[PDB]
Amino acid sequence: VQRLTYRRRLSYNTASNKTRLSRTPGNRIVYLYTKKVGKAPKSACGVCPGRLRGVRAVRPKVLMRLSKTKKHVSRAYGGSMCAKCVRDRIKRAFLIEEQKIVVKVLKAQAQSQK
Amino acid sequence: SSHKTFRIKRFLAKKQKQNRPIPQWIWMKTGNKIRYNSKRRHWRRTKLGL
Amino acid sequence: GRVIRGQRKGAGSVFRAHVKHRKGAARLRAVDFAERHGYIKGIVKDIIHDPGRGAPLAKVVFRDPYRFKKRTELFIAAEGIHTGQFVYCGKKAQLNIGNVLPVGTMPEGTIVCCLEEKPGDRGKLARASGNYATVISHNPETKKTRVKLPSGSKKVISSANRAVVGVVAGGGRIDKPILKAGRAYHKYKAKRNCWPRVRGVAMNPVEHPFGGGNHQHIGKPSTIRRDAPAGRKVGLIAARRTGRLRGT
Amino acid sequence: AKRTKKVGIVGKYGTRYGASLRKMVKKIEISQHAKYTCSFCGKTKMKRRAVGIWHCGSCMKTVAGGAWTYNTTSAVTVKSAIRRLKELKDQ
RNA sequence: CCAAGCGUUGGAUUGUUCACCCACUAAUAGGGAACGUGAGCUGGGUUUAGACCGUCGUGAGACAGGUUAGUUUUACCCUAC
RNA sequence: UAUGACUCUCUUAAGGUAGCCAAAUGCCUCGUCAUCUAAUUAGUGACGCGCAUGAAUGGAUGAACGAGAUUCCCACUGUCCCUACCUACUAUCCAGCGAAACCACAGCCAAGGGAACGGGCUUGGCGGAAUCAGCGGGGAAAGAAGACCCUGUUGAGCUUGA
RNA sequence: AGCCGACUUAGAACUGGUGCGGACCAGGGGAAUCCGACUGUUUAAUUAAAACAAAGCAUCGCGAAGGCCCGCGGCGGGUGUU
RNA sequence: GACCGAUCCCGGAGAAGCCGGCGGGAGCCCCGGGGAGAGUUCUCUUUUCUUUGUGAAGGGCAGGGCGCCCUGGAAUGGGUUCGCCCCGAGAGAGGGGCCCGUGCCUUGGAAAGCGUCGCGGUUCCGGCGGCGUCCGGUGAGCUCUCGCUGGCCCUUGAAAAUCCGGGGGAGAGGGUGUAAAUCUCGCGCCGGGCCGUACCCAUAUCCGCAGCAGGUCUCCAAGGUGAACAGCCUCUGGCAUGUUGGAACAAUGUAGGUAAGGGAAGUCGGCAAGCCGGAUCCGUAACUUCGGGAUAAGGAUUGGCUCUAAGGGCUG
RNA sequence: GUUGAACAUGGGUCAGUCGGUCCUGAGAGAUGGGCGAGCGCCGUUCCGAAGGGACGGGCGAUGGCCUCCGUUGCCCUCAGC
RNA sequence: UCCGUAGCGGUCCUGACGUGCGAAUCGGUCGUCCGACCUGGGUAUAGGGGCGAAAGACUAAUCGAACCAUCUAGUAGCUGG
Ligand SMILES: [Mg+2]
Ligand SMILES: [Mg+2]
Ligand SMILES: [Mg+2]
Ligand SMILES: [Mg+2]
Ligand SMILES: [Mg+2]
Ligand SMILES: [Mg+2]
Ligand SMILES: [Mg+2]
Ligand SMILES: [Mg+2]
Ligand SMILES: [Mg+2]
Ligand SMILES: [Mg+2]
Ligand SMILES: [Mg+2]
Ligand SMILES: [Mg+2]
Ligand SMILES: [Mg+2]
Ligand SMILES: [Mg+2]
Ligand SMILES: [Mg+2]
Ligand SMILES: [Mg+2]
Ligand SMILES: [Mg+2]
Ligand SMILES: [Mg+2]
Ligand SMILES: [Mg+2]
Ligand SMILES: [Mg+2]
Ligand SMILES: [Mg+2]
Ligand SMILES: [Mg+2]
Ligand SMILES: [Mg+2]
Ligand SMILES: [Mg+2]
Ligand SMILES: [Mg+2]
Ligand SMILES: [Mg+2]
Ligand SMILES: [Mg+2]
Ligand SMILES: [Mg+2]
Ligand SMILES: [Mg+2]
Ligand SMILES: [Mg+2]
Ligand SMILES: [Mg+2]
Ligand SMILES: [Mg+2]
Ligand SMILES: [Mg+2]
Ligand SMILES: [Mg+2]
Ligand SMILES: [Mg+2]
Ligand SMILES: [Mg+2]
Ligand SMILES: [Mg+2]
Ligand SMILES: [Mg+2]
Ligand SMILES: [Mg+2]
Ligand SMILES: [Mg+2]
Ligand SMILES: [Mg+2]
Ligand SMILES: [Mg+2]
Ligand SMILES: [Mg+2]
Ligand SMILES: [Mg+2]
Ligand SMILES: [Mg+2]
Ligand SMILES: [Mg+2]
Ligand SMILES: [Mg+2]
Ligand SMILES: [Mg+2]
Ligand SMILES: [Mg+2]
Ligand SMILES: [Mg+2]
Ligand SMILES: [Mg+2]
Ligand SMILES: [Mg+2]
Ligand SMILES: [Mg+2]
Ligand SMILES: [Mg+2]
Ligand SMILES: [Mg+2]
Ligand SMILES: [Mg+2]
Ligand SMILES: [Mg+2]
Ligand SMILES: [Mg+2]
Ligand SMILES: [Zn+2]
Ligand SMILES: [Zn+2]
């Protein structure tokens with residue numbers, strides 16, 4: 001059993017000093033310093049606890065590297081809001097705008113007789 | 001430590017260069033009184049301040 | 001002698017408030033044309049817990065009437081407020097729970113919270129958890145309104161200052177007994193360094209005017225005059241009576 | 001089977017803090033940890049998050065309520081008084 | 001009376017000296033030696049600083065009034081043995 | 001026989017109520033009685049006349065808990081009767097290396113006198129090189145210009161009706 | 001029906017000079033009294049306690065030009081993002 | 001595989017506590033074989049020991065997760081976990097979609113590395129060669145990591161640099177072509193300046209006047225016994241007994257033990273020492289705040305060997 | 001002691017990717033202002049005319065296939081922190 | 001919450017040592033060990049001031065008022081020369 005040491009001067013087990021084991025072409029076990037796990041974007045609606053789909057979960061400065069199709073979904077509010085709260089906002093925007101027309105019609109209906 | 005700064009390393013460099021014995025030919029001089037180097041420093045004994 | 005513990009609190013630097021994880025100053029929306037002549041509508045996004053405070057806070061989002069921006073304010077959450085609820089503000093706003101309006105509009109007997117003691121100072125009165133104030137009477141001439149503060153003392157305020165309708169959420173908090181010293185430690189660690197209170201009779205006479213003696217005793221009347229110097233004004237300050245409360 | 005005869009939640013406290021204090025905190029520690037029905041979705045998933053904060057697991061609706069109960073009788077009567085005063089003012 | 005040659009104990013209680021009791025015995029006599037004996041011991045008491053009670057004092061504090069916890073150093077020099 | 005509910009009198013703002021006790025609090029005191037022992041100034045339970053108990057200067061009680069204080073019993077044992085034996089490292093001797101404390105001069109006693117307890121003085125007893133391992137009687141042994149007590153027209157910490 | 005594998009538990013017989021948790025690891029127990037509820041803390045270098053703290057209980061002041069406190073001084077500062 | 005668009009606005013990532021349980025993937029350990037080289041061989045042992053692989057980055061596929069979608073409408077309620085939990089606000093049952101893929105394969109990459117055998121350079125050699133680097137099985141195992149779910153709080157467990165997505169549509173570009181504006185797509189070109197980098201990191205490189213039994217923050221963590229990161233023995237690695245050796249074995253010490261008979265008579269005082277101790281089976285009082293007391297107290301058993309019974313997956 | 005962390009001669013630390021460098025935390029700390037005999041102190045958004053920027057246009061000049069971009073000078077416009 | 005390891009601490013032997021390994025250590029025995037837990041680094045509070053779960057504890061081996069320099073060769077009816 002080969003006990004192994006750190007390869008950098010940081011000797012404390014902090015969040016950035018996280019390692020994993022790796023087997024080497026020289027038949028020995030080394031530390032490989034891992035990257036932090038990324039997170040998919042949370043929806044802009046604010047109610048859905050799940051994270052968005054179709055977008056890769058990377059660190060924020062990795063998004064400079066990635067192309068646009070890896071960062072969004074081909075939809076209105078795509079890659080920023082979930083499809084459920086997109087369609088539930090389409091319905092809301094249509095229906096309140098319709099009800100405003102109903103209120104405008106019922107205003108003139110009262111003003112016609114009075 | 002191994003995490004030195006430039007000014008500390010330069011100060012240590014000078015104090016390393018002053019820690020050599022006197023050359024042999026200086027006490028063949030006419031107006032000479034120096035027998036040896038009395039300003040010498042050992043790393044274990046005198047801890048240089050800092 | 002030595003400077004006493006109650007004297008040392010005014011200098012600060014140890015006894016300062018622990019405000020690292022607090023969410024911000026909880027206050028009402030600033031008064032403008034909309035909230036002075038009509039009403040403005042906002043939405044409750046979420047209800048958050050403020051450390052060192054039994055009351056919860058509500059993050060209410062309005063839209064600016066002069067700029068294309070969304071404005072964020074931290075109200076103190078009236079009990080019954082949920083998210084997705086529209087909170088209205090101003091003179092012409094209707095009378096519902098979680099709906100701030102000036103006290104001269106609401107009728108007598110209205111239960112309010114986050115009351116303003118002066119017009120426009122964004123809420124100062126009756127804003128601890130479970131507390132409220134009651135509107136007693138108005139006075140249309142000279143624009144004055146009498147309110148009953150949660151200490152029972154009645155105050156005459158201006159008729160133009162604002163208060164959100166309802167009681168503060170998180171009531172009954174002092175009903176649950178703190179069972180152990182650990183919960184009190186965790187309570188006051190979120191507020192300030194004041195909790196492990198040593199009695200003055202357990203100290204030395206250099207440390208407190210009550211310390212010293214071969215018996216743990218005060219040795220002097222603990223009732224003290226109001227105009228006493230600091231380092232002496234301990235015990236029961238300016239006390240009108242000091243006994244078990246019988247009657248009223 | 002039935003584990004304890006008269007202590008419920010407060011059996012975790014053992015033989016400490018006093019019987020009357022445990023009997024006092026038993027009501028709070030039941031009502032604080034009970035899951036209430038939701039007034040918005042109907043599911044029994046309204047659980048306390050902190051003091052004054054009650055979150056629904058299904059609807060994701062959080063409500064400002066009491067410290068140890070979802071509703072307080074000191075505020076239900078206030079809700080009734082405010083709706084009757086609202087009807088009184090507008091007549 | 002001559003007489004100090006030889007003995008004069010084991011324990012419960014109390015830090016005790018003293019005292020008191022049980023038992024054995026032949027007798028359970030009295031004392032001194034810096035009130036023998038702490039570089040021989042021990043530290044129960046007394047006699048620092050921490051605390052509690054009673055009394056006294058306005059108080060800090062006081063009490064041959066109780067209670068509890070509280071560092072016991074060195075000989076290899078000279079003499080004596 | 002005693003104690004004595006009851007009464008009278010003197011009195012202060014009342015005159016210690018419920019409880020509790022020779023208590024961590026009781027001088028007398030090792031209080032009296034019971035129990036525990038062969039024997040108990042200890043322990044426990046009662047009695048209360050309490051020098052000087054007592055109700056948030058908190059009173060009484062009380063499960064669990066305690067490197068807290070105390071008494072007794074079972075079991076256990078070198079704590080003891082009453083000491084003995086063995087092992088390791090020392091101490092011992094040797095090769096090498098090698099200090100310090102302390103030191104008026106120094107060092108055998110009895111008695112006398114004396115600054116009222118001598119190593120030296122007086123009178124006696126007597127005394128013999130250089131040393132080794134132990135030892136704790138003496139050097140009124142060493143350390144530290146007594147912390148107790150008193151004085152100083154020396155102070156500091158603290159308190160108050162200076 | 002065939003092929004594979006992981007540690008356990010219970011029972012029985014035999015057997016040793018009754019020895020077997022064979023080294024190691026590893027709670028003495030009971031009846032009571034006083035005090036402190038407890039967990040925690042404390043005089044670093046003589047006192048770990050019955051002392052301190054503690055939750056609970058109860059008083060006191062204060063509605064902000066305020067209560068308590070700091071500061072040589074300011075339209076100064078802490079509690080107070082109350 | 002790209003897939004115009006500014007001032008402005010919205011949002012996300014950075015950016016989150018402690019604990020419990022479960023699942024997946026590595027590394028290490030374990031078992032059964034093939035090689036290669038060693039060890040024993042007085043007798044036995046197809047025996048014992050060592051070793052037996054692949055980086056970053058890219059592509060593909062397992063595997064894990066989804067609080068993602070479509071059909072359809074469920075009570076004789078079902079699905080389902082270790083626990084939970086989910087459902088007419090749509091369960092089961094079919095069909096898809098996304099994320100992470102540190103696992104496997106491939107490019108790297110066998111050319112290099114390692115084991116073993118043998119030739120050279122008389123040697124100064126990243127010297128040249130012959131073979132091999134293989135096939136499986138398992139686990140409440142230990143460590144790390146990923147994920148799911150739950151519990152606790154009068155405790156709710158950081159900010160900013162920096163980066164991205166979206167909504168809007170001011171504008172820009174070309175008149176049917178050697179098309180234009182534009183591009184987060186594949187390649188191609190150039191550059192990345194300054195400072196630190198050795199060693200000790202502790203019974204000898206730091207601080208205690210010193211190579212001082214004191215103090216001083218972390219990472220890795222094998223086999224057996226065993227509940228165990230306990231104690232004891234061993235492998236890799238390390239060291240020479242802690243500022244000296246030899247010879248003696250006196251007292252008194254210091255650190256360990258053992259003692260007939262008695263059992264606290266010792267002592268201020270059971271101080272010190274001693275008894276008890278793990279696990280299995282029964283059994284367990286007064287009192288109580290009903291939670292405890294409680295391993296109360298009390299006994300019985302425990303070795304070795306030979307067996308039996310019971311407790312599971314895979315395929316048809 | 002033929003040995004050493006002793007002495008005397010000589011050598012030895014190589015980076016776009018490992019860290020510092022950048023950000024903010026608790027906090028420290030100028031200016032405006034206030035106070036102060038004074039060195040100075042307070043105070044960190046509070047008694048402040050606190051932005052030296054950008055796109056589009058107009059004007060002006062420069063330099064190169066003076067074609068078409070780039071450059072700076074002025075004005076209009078817009079701007080939070 | 002209990003036994004108990006690492007860690008943190010320091011009961012008893014009033015053991016060792018006590019011109020010591022050590023100007024506070026060592027051995028056995030002990031308390032606690034999921035929470036009022038332990039700990040590094042950064043930062044804040046400075047001497048009649050800080051800080052104190054309160055011992056007059058701690059504030060660089062110094063604490064019932066730290067340390068350094070100066071006033072200062074402070075004064076002494078007292079001690080020694
Ligand atoms: Mg870092
Ligand atoms: Mg690999
Ligand atoms: Mg995509
Ligand atoms: Mg050194
Ligand atoms: Mg604290
Ligand atoms: Mg005190
Ligand atoms: Mg005073
Ligand atoms: Mg008095
Ligand atoms: Mg004597
Ligand atoms: Mg003597
Ligand atoms: Mg002595
Ligand atoms: Mg004593
Ligand atoms: Mg004392
Ligand atoms: Mg000798
Ligand atoms: Mg009475
Ligand atoms: Mg006795
Ligand atoms: Mg009694
Ligand atoms: Mg009294
Ligand atoms: Mg009293
Ligand atoms: Mg010698
Ligand atoms: Mg003499
Ligand atoms: Mg002579
Ligand atoms: Mg002597
Ligand atoms: Mg002496
Ligand atoms: Mg003197
Ligand atoms: Mg005089
Ligand atoms: Mg004086
Ligand atoms: Mg002074
Ligand atoms: Mg006066
Ligand atoms: Mg009693
Ligand atoms: Mg206690
Ligand atoms: Mg001490
Ligand atoms: Mg101690
Ligand atoms: Mg389904
Ligand atoms: Mg090869
Ligand atoms: Mg668009
Ligand atoms: Mg290095
Ligand atoms: Mg050494
Ligand atoms: Mg040895
Ligand atoms: Mg040796
Ligand atoms: Mg014996
Ligand atoms: Mg025997
Ligand atoms: Mg005895
Ligand atoms: Mg005796
Ligand atoms: Mg003992
Ligand atoms: Mg018991
Ligand atoms: Mg070397
Ligand atoms: Mg390179
Ligand atoms: Mg400043
Ligand atoms: Mg615990
Ligand atoms: Mg424990
Ligand atoms: Mg000792
Ligand atoms: Mg000695
Ligand atoms: Mg030594
Ligand atoms: Mg100050
Ligand atoms: Mg403390
Ligand atoms: Mg004192
Ligand atoms: Mg005089
Ligand atoms: Zn959504
Ligand atoms: Zn709901």
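In what follows, chains carry the letters A, B, and so on, assigned in the order in which the sequence lines appear, proteins first and then strands, with residues in each chain numbered from 1. Below, each value reflects all heavy atoms present in this structure, side chains not excepted, and no hydrogens, waters or symmetry copies.
Put simply, C:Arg8 has a side-chain N or O that comes within less than 4.0 Å of OP1 or OP2 on J:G52. The phosphate of H:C154 (OP1 or OP2) has a side-chain N or O of C:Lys176 nearer than 4.0 angstrom. When the side-chain nitrogen and oxygen atoms of D:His33 are compared with OP1 and OP2 of H:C153, one or more of them lie within a distance under 4.0 Å. Here A:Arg59 does not reach the OP1 or OP2 of H:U162: none of its side-chain N or O atoms lies under 4.0 Å away. One finds a side-chain N or O of C:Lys69 lying less than 4.0 angstrom from the OP1 or OP2 phosphate oxygen of H:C9. Of the side-chain N and O atoms in B:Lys9, one or more sit less than 4.0 angstrom from OP1 or OP2 of H:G196.
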Which protein N or O atoms sit under 3.5 Å from an N or O of nucleotides 57-68 of chain G?
residue	atom	partner	partner atom	Å
G:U59	OP1	C:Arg244	NH1	2.4
G:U59	OP1	C:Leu245	N	3.4
G:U59	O5'	C:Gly243	O	3.4
G:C60	OP1	C:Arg241	O	3.3
G:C60	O2'	C:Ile237	N	3.4
G:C60	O2'	C:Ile237	O	2.7
G:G61	OP1	C:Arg240	NH1	3.1
G:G61	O4'	C:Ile237	O	3.3
G:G61	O3'	C:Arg226	NH2	3.0
G:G61	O2'	C:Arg226	NH1	3.3
G:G61	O2'	C:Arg226	NH2	3.2
G:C62	OP1	C:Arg240	NH2	3.1
G:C62	OP2	C:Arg240	NH1	3.0
G:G63	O3'	C:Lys155	NZ	2.5
G:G63	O2'	C:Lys155	NZ	2.7
G:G63	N7	C:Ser151	OG	2.8
G:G63	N7	C:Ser153	OG	3.2
G:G63	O6	C:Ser151	N	3.0
G:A64	OP2	C:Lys155	NZ	3.0
G:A64	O2'	C:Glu117	OE1	3.4
G:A64	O2'	C:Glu117	OE2	2.4
G:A65	OP1	C:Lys118	NZ	3.1
G:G67	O3'	C:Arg226	NH1	2.9
G:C68	OP1	C:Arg226	NH1	2.8
G:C68	OP1	C:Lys233	NZ	2.8

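Aromatic stacking is not marked for C:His217 over F:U57, as the cut-offs of 5.5 Å for the centres and 30° for the planes do not both hold.
Rounded to a whole Å, the CG atom of A:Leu66 is 11 Å from the P atom of H:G186.
Proximity of the aromatic rings of C:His217 and C:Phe210 is defined here by a centroid distance below 6.0 angstrom, and this criterion is not met.
Heavy-atom nearest nucleotides on RNA chain G were determined for C:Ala25 and for C:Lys9, and the one closer to the 5' end corresponds to C:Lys9.
Regarding the sugar-base torsion, H:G118 falls in the anti class, its angle being beyond 90° of 0.
Residues that satisfy the side chain to side chain donor-acceptor pair (under 3.5 Å) test with A:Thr24, not counting sequence neighbours, are absent from this structure.
Remark: the separation of the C1' atoms in E:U67 and F:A23 is 11 Å, to the nearest Å.
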Read 5' to 3' with Watson-Crick or G-U pairs under 3.5 Å, [ ] for crossing pairs and | for partners on another strand, RNA chain J gives ......(((..((.((........)))).)))..............(.((.......))...)..................
